[PDB]
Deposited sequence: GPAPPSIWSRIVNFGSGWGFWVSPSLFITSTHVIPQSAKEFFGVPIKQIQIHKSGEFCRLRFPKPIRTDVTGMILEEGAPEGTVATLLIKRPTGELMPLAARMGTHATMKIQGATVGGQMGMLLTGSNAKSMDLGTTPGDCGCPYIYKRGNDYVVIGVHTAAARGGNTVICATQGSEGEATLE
(Lines of atoms letter the chains of each structure in order from A and count residues from 1; the text may use other names and numbers.)
(Lines give C-alpha, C1' and ligand atoms only; values in the text may rest on other atoms or scores of the structure.)
Protein backbone atom coordinates (compact mmCIF):
# COMPACT_ATOMS: atom_id res chain seq x y z
CA UNK A 1 0.00 0.00 0.00
CA UNK A 2 2.29 2.73 1.30
CA UNK A 3 5.29 0.52 0.52
CA UNK A 4 4.63 0.71 -3.22
CA UNK A 5 5.40 4.45 -2.97
CA UNK A 6 9.02 3.78 -1.91
CA UNK A 7 11.13 3.15 -5.00
CA UNK A 8 14.77 2.65 -5.95
CA UNK A 9 16.28 6.06 -6.71
CA UNK A 10 19.98 6.57 -7.36
CA UNK A 11 22.10 5.36 -4.45
CA UNK A 12 19.06 5.29 -2.17
CA UNK A 13 15.29 5.71 -2.20
CA UNK A 14 12.48 8.18 -2.78
CA UNK A 15 8.81 8.47 -1.91
CA UNK A 16 5.71 9.38 -3.91
CA UNK A 17 3.79 11.87 -1.77
CA UNK A 18 1.20 12.20 -4.55
CA UNK A 19 0.77 11.21 -8.22
CA UNK A 20 3.01 14.15 -9.13
CA UNK A 21 5.30 14.79 -6.11
CA UNK A 22 8.39 12.67 -5.38
CA UNK A 23 10.72 13.40 -2.46
CA UNK A 24 14.18 12.05 -1.71
CA UNK A 25 17.55 12.97 -0.20
CA UNK A 26 19.95 15.38 -1.88
CA UNK A 27 22.73 12.80 -1.38
CA UNK A 28 20.81 10.21 -3.41
CA UNK A 29 19.38 11.99 -6.49
CA UNK A 30 21.44 11.12 -9.61
CA UNK A 31 23.18 14.31 -10.74
CA UNK A 32 23.75 13.12 -14.34
CA UNK A 33 20.38 11.61 -15.28
CA UNK A 34 18.67 12.90 -18.42
CA UNK A 35 15.20 11.79 -17.33
CA UNK A 36 13.36 10.45 -14.30
CA UNK A 37 10.53 7.96 -14.82
CA UNK A 38 10.53 8.67 -18.56
CA UNK A 39 10.06 12.43 -18.12
CA UNK A 40 12.88 14.65 -19.46
CA UNK A 41 14.67 16.35 -16.58
CA UNK A 42 14.06 19.86 -17.94
CA UNK A 43 10.31 19.38 -17.48
CA UNK A 44 10.78 18.39 -13.81
CA UNK A 45 10.58 21.20 -11.25
CA UNK A 46 13.07 20.41 -8.47
CA UNK A 47 13.45 22.21 -5.11
CA UNK A 48 16.24 21.67 -2.53
CA UNK A 49 16.32 22.61 1.21
CA UNK A 50 19.63 21.15 2.43
CA UNK A 51 19.25 17.37 2.26
CA UNK A 52 15.51 17.52 1.43
CA UNK A 53 14.85 17.11 -2.30
CA UNK A 54 11.37 17.32 -3.85
CA UNK A 55 10.56 16.67 -7.51
CA UNK A 56 7.37 18.00 -9.13
CA UNK A 57 6.48 16.22 -12.37
CA UNK A 58 4.47 17.99 -15.08
CA UNK A 59 1.90 15.17 -15.32
CA UNK A 60 0.69 12.50 -12.88
CA UNK A 61 3.12 9.58 -12.78
CA UNK A 62 1.56 7.39 -10.06
CA UNK A 63 -2.14 7.86 -10.76
CA UNK A 64 -2.92 4.94 -8.43
CA UNK A 65 -1.89 6.73 -5.21
CA UNK A 66 -3.69 9.40 -3.21
CA UNK A 67 -2.12 12.65 -2.10
CA UNK A 68 -0.56 12.45 1.35
CA UNK A 69 -0.03 15.22 3.89
CA UNK A 70 3.54 16.57 3.84
CA UNK A 71 4.60 18.62 6.89
CA UNK A 72 7.88 19.92 8.29
CA UNK A 73 8.74 17.28 10.85
CA UNK A 74 6.50 16.02 13.62
CA UNK A 75 5.52 17.29 17.07
CA UNK A 76 8.33 16.60 19.53
CA UNK A 77 7.99 13.17 21.11
CA UNK A 78 5.94 11.72 18.24
CA UNK A 79 6.77 8.07 17.60
CA UNK A 80 7.07 7.98 13.82
CA UNK A 81 8.00 5.14 11.46
CA UNK A 82 11.05 5.15 9.20
CA UNK A 83 9.93 3.01 6.24
CA UNK A 84 13.14 1.28 5.19
CA UNK A 85 13.13 -0.76 1.99
CA UNK A 86 16.21 -2.91 1.49
CA UNK A 87 17.60 -3.96 -1.92
CA UNK A 88 16.53 -7.51 -1.04
CA UNK A 89 12.97 -6.17 -1.14
CA UNK A 90 12.46 -6.66 2.59
CA UNK A 91 10.19 -4.14 4.30
CA UNK A 92 11.70 -2.86 7.56
CA UNK A 93 9.51 -0.37 9.45
CA UNK A 94 11.68 1.14 12.20
CA UNK A 95 10.02 2.96 15.08
CA UNK A 96 11.68 6.27 15.94
CA UNK A 97 10.83 8.80 18.63
CA UNK A 98 11.18 12.19 16.95
CA UNK A 99 13.02 14.90 18.87
CA UNK A 100 14.06 18.49 18.32
CA UNK A 101 13.83 20.40 15.06
CA UNK A 102 17.12 22.16 14.45
CA UNK A 103 19.60 23.42 11.90
CA UNK A 104 22.38 20.87 12.38
CA UNK A 105 25.98 20.44 11.32
CA UNK A 106 26.51 17.01 9.74
CA UNK A 107 30.04 16.26 8.50
CA UNK A 108 30.67 19.99 8.12
CA UNK A 109 27.51 20.71 6.14
CA UNK A 110 24.38 22.49 7.35
CA UNK A 111 21.16 20.48 7.17
CA UNK A 112 17.67 21.34 8.36
CA UNK A 113 15.57 18.60 9.86
CA UNK A 114 14.53 16.74 12.98
CA UNK A 115 16.43 14.37 15.25
CA UNK A 116 14.99 11.00 16.14
CA UNK A 117 15.78 8.01 18.32
CA UNK A 118 15.43 4.44 17.08
CA UNK A 119 13.39 2.77 19.79
CA UNK A 120 14.59 -0.82 20.12
CA UNK A 121 19.50 -0.05 12.45
CA UNK A 122 20.08 2.11 9.37
CA UNK A 123 22.74 1.77 6.67
CA UNK A 124 24.28 3.77 3.79
CA UNK A 125 21.72 2.48 1.31
CA UNK A 126 18.76 3.77 3.32
CA UNK A 127 18.96 7.49 2.57
CA UNK A 128 15.81 8.90 1.02
CA UNK A 129 13.40 6.59 2.81
CA UNK A 130 10.45 8.39 4.38
CA UNK A 131 9.47 9.10 7.96
CA UNK A 132 5.71 8.76 8.53
CA UNK A 133 3.26 8.87 11.43
CA UNK A 134 -0.52 8.58 11.78
CA UNK A 135 -2.53 11.55 13.07
CA UNK A 136 -6.19 10.76 13.64
CA UNK A 137 -7.07 8.79 10.53
CA UNK A 138 -4.54 10.54 8.27
CA UNK A 139 -1.02 9.40 7.42
CA UNK A 140 1.53 12.24 7.51
CA UNK A 141 4.97 12.17 5.87
CA UNK A 142 7.46 14.40 7.68
CA UNK A 143 10.78 14.03 5.86
CA UNK A 144 13.40 11.69 4.45
CA UNK A 145 16.28 9.78 5.98
CA UNK A 146 19.67 11.45 5.62
CA UNK A 147 21.95 10.49 8.52
CA UNK A 148 22.50 8.37 11.62
CA UNK A 149 24.99 9.05 14.39
CA UNK A 150 27.76 6.63 15.26
CA UNK A 151 27.78 5.33 18.81
CA UNK A 152 24.05 5.78 19.24
CA UNK A 153 20.57 5.21 17.88
CA UNK A 154 20.03 8.79 16.69
CA UNK A 155 18.78 9.31 13.13
CA UNK A 156 18.32 12.52 11.15
CA UNK A 157 15.16 13.28 9.18
CA UNK A 158 15.71 16.05 6.65
CA UNK A 159 12.63 18.27 6.37
CA UNK A 160 11.29 20.98 4.08
Stretches of deposited sequence not represented by any CA atom are 1 to 5, 126 to 134, 175 to 183
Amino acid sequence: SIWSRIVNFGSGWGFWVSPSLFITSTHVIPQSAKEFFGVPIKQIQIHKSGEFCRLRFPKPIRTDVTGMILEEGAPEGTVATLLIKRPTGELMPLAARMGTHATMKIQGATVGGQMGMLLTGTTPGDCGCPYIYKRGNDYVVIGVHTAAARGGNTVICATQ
From here on, numbers count along this sequence of modelled residues.
Residue range whose averaged C-alpha B-factor is higher in the record, 15 to 23 or 135 to 143
135 to 143
For the C-alpha B-factor as written in the entry, point me to the maximum among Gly113, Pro93, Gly116, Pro130.
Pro93
Report the third (lowest, middle or highest) to which the CA temperature factor of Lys59 belongs, ranking only the modelled residues of the same chain.
highest
Quick check for you: using the entry's CA B-factors within this chain, is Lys42 in the lowest, middle or highest third?
highest
Sorting the chain's modelled residues by C-alpha B-factor and splitting them into thirds places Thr154 in the middle
In terms of the CA temperature factor given in the entry, to which third of its chain does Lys48 belong: lowest, middle or highest?
lowest
Third of chain Cα B-factors occupied by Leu70
middle
